Amino acid sequence: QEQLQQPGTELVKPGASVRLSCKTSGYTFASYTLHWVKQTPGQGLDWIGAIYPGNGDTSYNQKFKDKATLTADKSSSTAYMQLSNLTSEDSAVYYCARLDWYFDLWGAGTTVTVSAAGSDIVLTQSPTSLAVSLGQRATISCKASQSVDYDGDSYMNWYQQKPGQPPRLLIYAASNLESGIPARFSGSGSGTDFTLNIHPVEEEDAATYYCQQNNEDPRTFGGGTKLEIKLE
Ligand SMILES: [Cl-]
Ligand SMILES: [Cl-]
Ligand code: NA
Ligand code: NA
């Protein structure tokens with residue numbers, strides 16, 4: 001089975017550097033781009049950059065160009081991201097993943113806790129949290145600052161992250177259910193406006209949902225919507 005394995009936690013000091021690892025298995029490491037993603041409560045997910053492990057070629061989001069360095073070690077099938085000059089602003093969970101929807105695969109993420117006691121497309125989700133009773137409908141909006149469409153296809157996906165589990169693809173290209181996702185989920189929209197629907201909601205559906213566009217670089221994500229069950 002294909003896996004990306006990341007250590008759970010790194011507790012680190014301001015000003016230090018930390019090297020995060022992503023040990024891959026179950027597929028040819030050299031042949032698939034790997035991406036790294038930062039998660040925070042307020043900013044949702046941020047695309048850091050990506051590496052093609054076969055040759056080591058990298059691309060970085062301008063905002064992380066000095067903070068992150070991506071490398072790949074083909075002899076151990078492991079990708080690494082160094083974060084340098086740590087500050088409190090680096091405390092976050094960092095995932096490695098294959099982000100193209102057809103190869104969707106996520107590691108469980110490494111929590112990096114920096115501890116000292118002392119024209120990109122913007123995606124806006126609405127609401128950012130909601131509680132819905134069992135059996136009822138959850139509806140969540142994602143709006144982009146510019147169109148994410150090309151040739152009649154929307155380059156926008158939705159991701160779900162259930163509590164304690166890695167993120168996973170839920171809907172790709174606006175309206176397609178990923179394999180294995182239940183029929184109670186549905187997605188609509190085009191251009192700049194998209195909507196996720198879940199009905200009837202079940203307990204398993206409690207999760208954080210994120211939209212993402214990959215029409216233009218850098219790939220960007222919404223800030224996340226946390227759905228809970230409203231106990232009745
Ligand atoms: Cl809102
Ligand atoms: Cl269902
Ligand atoms: Na391998
Ligand atoms: Na596939």
Side-chain angles (χ1 to χ4, degrees), residues 1-4 22 24-35 37 39-46 50 52-54 95-107 121-145 153-163 165-189 192-214 219-230:
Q1 300 207 321
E2 304 185 50
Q3 166 175 316
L4 302 179
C22 172
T24 76
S25 60
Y27 74 94
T28 299
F29 171 58
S31 298
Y32 287 85
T33 290
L34 278 171
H35 299 261
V37 176
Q39 174 180 52
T40 54
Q43 278 158 44
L45 302 181
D46 225 323
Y52 185 68
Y95 293 91
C96 59
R98 299 193 311 221
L99 291 177
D100 293 328
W101 63 258
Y102 36 81
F103 303 143
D104 183 68
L105 179 69
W106 294 71
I121 299 182
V122 180
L123 299 180
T124 302
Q125 307 193 202
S126 182
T128 57
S129 61
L130 76 168
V132 167
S133 294
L134 275 187
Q136 294 302 106
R137 175 172 294 276
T139 299
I140 297 164
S141 168
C142 174
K143 291 174 172 180
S145 60
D153 294 323
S154 301
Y155 280 68
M156 83 93 34
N157 305 329
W158 290 98
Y159 293 90
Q160 172 189 61
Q161 182 165 37
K162 290 173 177 179
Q165 293 304 123
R168 69 187 184 151
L169 176 71
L170 184 78
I171 290 181
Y172 61 93
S175 64
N176 302 283
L177 291 204
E178 164 66 323
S179 293
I181 297 309
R184 57 185 185 277
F185 287 91
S186 64
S188 64
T192 55
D193 299 342
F194 298 88
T195 303
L196 173 67
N197 265 279
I198 317 171
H199 174 265
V201 161
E202 297 183 14
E203 277 152 45
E204 66 192 67
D205 299 334
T208 295
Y209 291 90
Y210 294 100
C211 53
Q212 178 252 206
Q213 68 79 30
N214 64 291
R219 299 169 172 257
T220 54
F221 293 86
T225 299
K226 180 170 169 164
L227 173 64
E228 285 167 280
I229 302 308
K230 184 158 189 286

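Worth knowing before you read on, the calculation uses all heavy atoms, side chains too, and leaves out hydrogens, waters and symmetry mates. Start at 1 and go down the list; that is how both ligands and their atoms are numbered. Residues: numbered from 1 along the sequence shown.
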Side chain to side chain contact (heavy atoms under 4.5 Å, CB included) between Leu99 and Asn214, worked out: CA-CA 9 Å; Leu99 291 177; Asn214 64 291; over 6 Å; no
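Of the possible polar contacts, one joining the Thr40 side chain to the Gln43 backbone as a donor-acceptor pair under 3.5 Å is found. Within the 3.5 Å criterion, the main-chain N or O of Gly224 finds a donor-acceptor partner in the side chain of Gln125.
For the Na ion (ligand 4), protein N, O or S atoms under 3.0 Å: 1 in total.
Between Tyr95 and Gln161, the side chains place a donor N or O and an acceptor N or O closer than 3.5 Å (distance only, hydrogens not considered).
Contact check on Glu178 versus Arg168 returns no salt bridge, with no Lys/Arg side-chain nitrogen under 4.0 Å from an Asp/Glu carboxylate oxygen.
In this structure, the side chains of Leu34 and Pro53 come closer than 4.5 Å at one or more pairs of heavy atoms.
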